[PDB]
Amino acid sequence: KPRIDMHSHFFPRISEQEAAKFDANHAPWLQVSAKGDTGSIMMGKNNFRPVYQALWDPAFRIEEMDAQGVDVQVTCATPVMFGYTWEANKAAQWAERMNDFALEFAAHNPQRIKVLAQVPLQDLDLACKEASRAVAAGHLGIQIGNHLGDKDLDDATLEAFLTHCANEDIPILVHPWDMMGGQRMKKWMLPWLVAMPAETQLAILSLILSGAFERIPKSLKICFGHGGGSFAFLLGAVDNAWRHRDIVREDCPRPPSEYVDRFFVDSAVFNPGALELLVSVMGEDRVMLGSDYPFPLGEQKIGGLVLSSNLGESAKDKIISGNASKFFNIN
């Protein structure tokens, strides 16, 4: 009965100088304070984001896992590490470097710390190669961003990558990143509060409404971060539009809501009513506990929202433990 958190991030101890060998402007690296308790993710010379020790230090993280009653945590790249805009070969080198750093992180206690890998998604062949290599090396799966510029998950290159993983039994976490919105949502974390749930919804609907699930083998294990964004709540409007508009039916042979048996979501929706609706839509077998640790907006008491919810007790057990153990093949 291990309590599993499957949505969490790490960032490796990369020096400015090493990041500079990749991109002096765009490669992230880590600056650590004096006391050693805090630091910032950097981009060239700019502060990109303040972080704390649990992000880069597995010893310290274990102690906090202990304090949260978290038995096993799955952790993956902070999305700033993706490098989807870089020249392909440099990005494939970078992913291999990041993925080895992840394995060194997990090696502190690989019974309790599991890792997912990143891939150079801008090149299908290198991405498939890196996925297979990383999983054979000990990663339990891959974390990708939800889009690659104007390419959403329905794009042939992304569908091909998903198919590869399906065929190789490689589970996928899809994480929103590089949020839409441009110039109008630049205050009060609006891109996190508005653009990010829209991104995740869009990625899910791109697979559904393009008929991608009719081409991708049922073996695909794929989870969408952050509760699937606004997907659960907006699904009625999607089923309605599908029934009453031809251009919505065009490539999708079944009502959209039926495809929920093809994917998973995490539980990070920050409200009992919201989580109940999510479980109602997805089914108790397809929601996994994830906290977004160790980021500020990560769940303060991991699993607390699930245990406070009105859900059945077996549904609670599945969300806290059972569903992830199965999804990521943890024993």
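One rule holds for the numbers: they count along the sequence shown, beginning at 1.
J.: Per the record, averaged over C-alpha atoms, which has the higher B-factor: 261 to 269 or 36 to 44?
T.: Looking at the recorded C-alpha B-factors, 36 to 44 comes out higher on average.
J.: Report the stretch with the higher mean CA temperature factor, choosing between 289 to 297 and 23 to 31 on the basis of the entry.
T.: According to the PDB entry, the answer is 23 to 31.
J.: Compare the CA B factors listed in the entry for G145, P171, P120, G182 and report the winner.
T.: Across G145, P171, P120, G182, the entry lists the biggest C-alpha B-factor for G182.
J.: Looking at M189, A95, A156, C223, which has the highest Cα B-factor in the entry?
T.: Of the options given, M189 has the highest CA B-factor in the PDB entry.
J.: By the record's CA B-factor, is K1 among the lowest, middle or highest third of residues in the chain?
T.: As the PDB entry reports it, the C-alpha B-factor of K1 lands in the highest third of its chain.
J.: Which third, lowest, middle or highest, does the CA B-factor of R13 fall in along this chain?
T.: Highest third.
J.: Considering only modelled residues of the same chain, in which third does the CA B-factor of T75 rank: lowest, middle or highest?
T.: Bottom third by C-alpha B-factor.
J.: How does the C-alpha B factor of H139 compare with the rest of the chain: lowest, middle or highest third?
T.: For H139, whose C-alpha B-factor we compare with every modelled residue in the chain, the answer is the lowest third.
J.: Per the entry's values, where does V248 land by CA temperature factor relative to the rest of its chain, in the lowest, middle or highest third?
T.: Highest third, going by the recorded CA B-factors of the chain.
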